[PDB]
Amino acid sequence: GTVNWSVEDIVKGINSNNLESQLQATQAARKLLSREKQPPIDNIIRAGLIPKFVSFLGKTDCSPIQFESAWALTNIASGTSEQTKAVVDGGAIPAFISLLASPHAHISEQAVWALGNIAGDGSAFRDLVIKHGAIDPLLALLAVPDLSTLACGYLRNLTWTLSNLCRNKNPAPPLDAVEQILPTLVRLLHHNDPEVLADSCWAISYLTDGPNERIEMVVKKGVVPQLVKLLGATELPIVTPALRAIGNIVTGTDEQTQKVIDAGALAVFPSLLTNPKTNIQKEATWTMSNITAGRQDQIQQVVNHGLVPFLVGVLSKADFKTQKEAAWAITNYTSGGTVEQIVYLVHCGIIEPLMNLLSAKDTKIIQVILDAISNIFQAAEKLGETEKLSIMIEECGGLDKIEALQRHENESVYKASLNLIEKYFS
Amino acid sequence: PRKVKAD
Amino acid sequence: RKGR
């Protein structure tokens with residue numbers, strides 16, 4: 001019927017003064033744009049069809065052509081930035097927002113989808129969507145006593161579009177828009193649908209990826225215990241954004257970090273730090289590094305949860321990027337910890353896997369490790385057990401690595417290494 | 001960031 | 001000493 005028309009045939013149908021002919025040709029355009037192998041998006045744009053699709057959005061007396069044109073425009077906006085810009089240039093943003101209140105849920109759902117693609121292109125289009133007034137009618141669609149009464153795909157598309165309004169930086173979304181969206185986000189964060197939960201965590205992920213004042217906005221809503229719960233989910237698409245949000249939060253103040261500890265997030269980290277997914281261990285260890293950069297009582301919580309042997313583990317065997325985050329976690333630990341905590345660190349076996357990583361080509365990790373070497377010796381001087389520490393390194397092949405680093409580029413490596421050998425290896 | 005509505 |  002309308003299967004695999006030529007672009008020229010679609011043009012002649014849209015350019016006819018027959019509404020049913022225009023409807024028939026618009027649907028055929030939609031079918032081309034929704035095909036798997038290559039949608040001829042650029043062919044449809046070059047023929048000048050976007051202004052005509054946009055005009056069909058306003059045909060209130062002909063719902064079907066509203067739907068087909070909305071679907072067609074949605075699929076163009078899902079392409080490149082240039083392609084999305086073409087949809088925006090045709091005036092599609094106000095026309096799509098006007099369709100949010102359509103009595104036809106499938107047309108309103110399509111307008112939600114289209115706005116999601118437009119907002120997701122970048123901060124400029126995101127804020128332009130916001131300026132046109134999309135947030136109020138979007139949130140009104142979720143203003144129900146129970147989210148469970150909404151269609152599954154409809155709620156998922158609303159959640160995904162909202163998360164795009166929370167996404168991107170330079171600039172981050174407007175503060176008042178974040179305040180407006182955020183009570184609905186929190187309600188979506190407690191829904192039972194896994195993908196809704198995933199997109200909700202991504203939205204919180206985006207909102208916490210900024211300065212502490214953005215972070216405070218989110219934590220004042222009390223979402224931290226829910227994020228820790230989602231941190232323990234089995235669905236890996238939930239854990240990944242949940243771990244990101246938790247990691248962004250522990251970049252803020254020690255008080256915001258403390259709320260993550262108080263909510264019980266540290267008990268999940270034995271699993272996360274042995275997680276078979278490389279990125280999860282990798283992200284969990286970075287989060288651990290920002291936790292070990294906190295107060296001594298928060299370092300003590302790491303100790304209490306048995307997490308120091310787990311850091312010894314990732315330092316002994318992990319992906320290199322993960323081992324780099326483990327060194328940072330150790331150096332931060334050794335920088336803010338007590339003598340007892342730094343002593344405990346060596347009793348756990350941190351010295352031997354720390355030496356082994358003095359062989360990697362990365363210049364930064366050697367600086368990071370050597371910083372931690374110094375701090376561990378620094379506590380050994382308060383206990384007079386320095387020489388007894390020095391022999392340990394000599395027996396796991398260490399001094400071979402340090403004294404070799406005395407002849408090494410970037411100087412700063414050689415300075416700390418020669419300084420190291422000068423004081424504790426006489 | 002974006003999604004095509006397929007059939 | 002928190003980073004990103």
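Residues numbered from 1 in each chain as written, not as in the entry; some residues may be left out. Chains lettered and ligands numbered in written order. Heavy atoms only, no water. Residues with missing side-chain atoms left out of burial classes, pairs and counts.

Determination of this PDB entry was carried out by X-ray crystallography to a resolution of 2.3000 Å, according to the record.

Draft legend 1. A look at the packing of aromatic side chains. Residues and elements named next belong to chain A. One pass over the full model with this rule turns up four aromatic pairs over all chains. Taken together, a centroid distance of 3.9 Å and an interplanar angle of 10° make the contact between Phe377 and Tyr424 stacked. You can see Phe377 sitting in helix α25 (residues 363-383) and its partner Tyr424 sitting in helix α28 (residues 412-424), a full 47 residues away along the chain. What makes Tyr424 buried here is its relative accessible area of 12%. Where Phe377 meets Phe425, the ring centres are 6.1 Å apart and the plane angle is 90°; that geometry is what we call edge-to-face. Residue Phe377 is found in helix α25, and its partner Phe425 is found in the segment after α28; the two are separated by 48 residues along the sequence. (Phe/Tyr/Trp six-rings, centres within 6.5 Å; stacked < 30°, edge-to-face > 60°. Helix = DSSP H or I, 4+ residues; strand = E, 2+ residues; numbered from the N terminus. Buried < 20%, exposed > 50% of the residue type's maximum accessible area, 1.4 Å probe, protein only.)

Draft legend 2. How the structure looks around the layout of surface pockets. Looking at the largest pocket, its volume works out to about 240 Å³. Considered class by class, the residues forming the lining of the largest pocket number nine nonpolar, one polar and two charged. For the second largest pocket, the lining is made up of 13 residues, of which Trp286(A), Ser289(A), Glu325(A), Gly3(C) and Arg4(C) are closest to its centre. Broken down by secondary-structure element, the contributors of at least two residues to the lining of the second largest pocket are α19 (278-291) and α22 (320-336) of chain A. The greatest single-element share of the lining of the second largest pocket, amounting to five residues, is contributed by α19(A). Each residue belonging to the lining of the second largest pocket can be placed in one class, and the counts come to two nonpolar, four polar and seven charged. (1 Å grid on protein atoms, 1.4 Å probe; cavity = no way out; pocket = protein on both sides within 12 Å on 5 of 7 lines; lining within 4 Å. Points joined across faces, edges and corners; volume = space filled by probe spheres on them. Nonpolar A, V, L, I, M, F, W, Y, C, P; charged D, E, K, R; others polar.)

Draft legend 3. Expanded view of the interface of chain C and chain A. Taken together, the contact pairs four residues of chain C with 15 residues of chain A. Both faces considered, chain C and chain A share a buried interface measuring about 740 Å² in area, 39% of it formed by carbon and sulfur atoms. Counting the surface chain C buries against chain A, the share from its top three residues, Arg1(C), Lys2(C) and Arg4(C), is 91%. Across the salt bridge formed by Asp254(A) and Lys2(C), the nearest N and O atoms sit 2.9 Å from each other. (Contact = heavy atoms within 4.5 Å. Buried area = accessible area lost by both parts, 1.4 Å probe. Salt bridge = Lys/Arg side-chain N within 4 Å of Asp/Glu carboxyl O.)

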